Amino acid sequence: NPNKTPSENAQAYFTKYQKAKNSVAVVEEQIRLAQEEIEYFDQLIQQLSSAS
RNA sequence: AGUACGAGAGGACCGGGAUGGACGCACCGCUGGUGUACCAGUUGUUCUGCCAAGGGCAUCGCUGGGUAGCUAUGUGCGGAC
């Protein structure tokens with residue numbers, strides 16, 4: 001257990017936790033957007049790989 | 001006093017003790033400088049009739065030292081409480 005400033009280390013841990021829960025929101029949103037992009041790009045690969 | 005402070009690295013305020021730089025005031029007793037009526041060596045010519053010994057001139061002829069005085073680059077002291 002740190003450290004020179006004994007409360008700000010625990011407070012830094014608690015801040016990392018708040019950033020972590022905001023990350024739980026935003027990275028799930030980004031995963032949803034990324035699977036939508038991969039589905040659209042796989043479709044674009046299919047439509048480029050020949051047709052009409 | 002590696003004390004306070006500081007996670008570490010680092011690092012005191014205050015208070016004591018030495019040693020310096022620059023500047024200044026004195027003075028030679030040391031270290032040196034100079035010291036043209038001090039001592040010695042030595043070259044050329046002239047003179048004291050000659051040898052020897054000396055004198056004159058050649059930057060004090062030149063060279064090696066040097067008393068007193070004057071000196072700093074030398075020494076003592078000051079800006080302390």
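Coordinate-derived values only; no laboratory data. In this analysis, Cβ positions are derived from the backbone assuming ideal geometry, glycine residues included, and neighbour counts consider all displayed protein chains.
Work through the residues other than A:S23 whose Cβ is under 15 Å from its Cβ and net out their charges, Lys, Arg +1 and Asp, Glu -1. Mind showing how you got there, number by number?
Working: positive: A:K16, A:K19, A:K21, A:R32; negative: A:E28, A:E29.
Charge balance near A:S23 sits at +2.
Along segment A:23-28, what does the Karplus equation 6.51 cos²θ - 1.76 cosθ + 1.60 (θ = phi - 60°) give for ³J(HN,Hα), rounded to whole Hz, x for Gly and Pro?
Result, rounded to whole Hz: 5, 4, 5, 6, 6, 5.
Rule-of-thumb check for chain A: C-alpha Rg over 2.2 N^0.38 Å? Write out the running numbers ahead of the final one.
On the way: Rg = 21.6 Å, N = 52, 2.2 N^0.38 = 9.9 Å.
Output field value: 2.18.
Tell me which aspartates and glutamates have Cα within less than 18 Å of A:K19's Cα, excluding those fewer than 8 residues away on the same chain?
A:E8, A:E28, A:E29
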